[PDB]
Structure formats: structure tokens, C-alpha cells
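Read the single chain below, which is given as C-alpha cells and is the form deposited without this ligand.
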């Protein structure tokens, strides 16, 4: 299995799935480095974020548990196909990159917070992470290049 993938057992169906412990993504299909990648993200902050404030809300009061529930809802909607990643990043990300549909541009290792960096370089082009935790809050990451 590629970097970070493990074979897991679905609790509800008993069917096997695959989980990546670097990106926190899960998928049913069996999964099949560059100097820089380009990623967008959607950030949900909470009261324990390093800065519990965002361009969108002066005082962020939601709990970390509430932020994870929000993130998990956005992931469901994006995976369902009902909403594009860009649409939810623009509307709900607590990062000013929201106004660029979540795009952070290109970057190399050594620039971003480490769990974000590691998830970004372990994603395939076009792939989306699961919930990724940093000191800023909880991220959904989409690798675009």
C-alpha cells in the first residue's frame, strides 16, 4: 500500500475499506515525492485555536468538538457531490483564503504547520483529506497540483 494507507474493517457493513493515517482520508477502493504541491483548504476554528478569531467572526466560541462536527458535515456534503469543496471553503472557512475558494497556492516542505504539510504531500492530485488537526484548528485539505 502507498504511504500511510492501512486496510480496515467497516463496523457497520463488514466490508473492507482503506484509511490513510497521514491525511485521515478513507475510501472503499484499494489505493494505487514532488518538490512542491498546491492545496486549498477549509479551516474551522474553535475556542482552543491559537488565535480564536477569524476574518469571519471576531470571537470564535465553538468547542473543538463542535468544530469537528461541522468539518464532518462539510466532508459529507463534498463527498456526496452535492457541494463543491470551493463552495464550502468560500462560505465557511475561518481563513481569509476563503475568498480565493480556499487556495493557498504552491508551497514546499518547511513552510506550513507540520500536520498540514504532511497531509498535503501525502495526498494525490485531486484528492481530499479527512479532518486534519493543527494549532490553527481543523482543516479539510484539497490537493490541486
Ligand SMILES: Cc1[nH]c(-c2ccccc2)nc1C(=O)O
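Numbering follows the first chain given and starts at 1.
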{"query": "Gap size between residue 62 and residue 61, counted in deposited residues that the entry leaves unmodelled", "finding": "none"}
{"query": "Per the entry, higher mean C-alpha B factor between 98 to 106 and 48 to 56", "finding": "48 to 56"}
{"query": "Between 11 to 19 and 117 to 125 (mean CA B-factor, as deposited), the higher", "finding": "11 to 19"}
{"query": "Per the PDB entry, maximal CA B factor within 41, 30, 38, 79", "finding": "30"}
{"query": "Chain third (lowest, middle, highest) by recorded CA B-factor, residue given as residue 112", "finding": "highest"}
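Below: the form deposited with this ligand bound, not depicted.
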{"item": "This ligand contact in the deposited bound form: residue 70, any heavy atom under 4.5 Å", "value": "no"}
{"item": "Contact flag, residue 43 vs this ligand in the deposited bound form, heavy atom cut 4.5 Å", "value": "yes"}
{"item": "Contacts with this ligand in the deposited bound form - residues in 107 to 132 whose heavy atoms fall within 4.5 Å", "value": "112, 113, 116"}
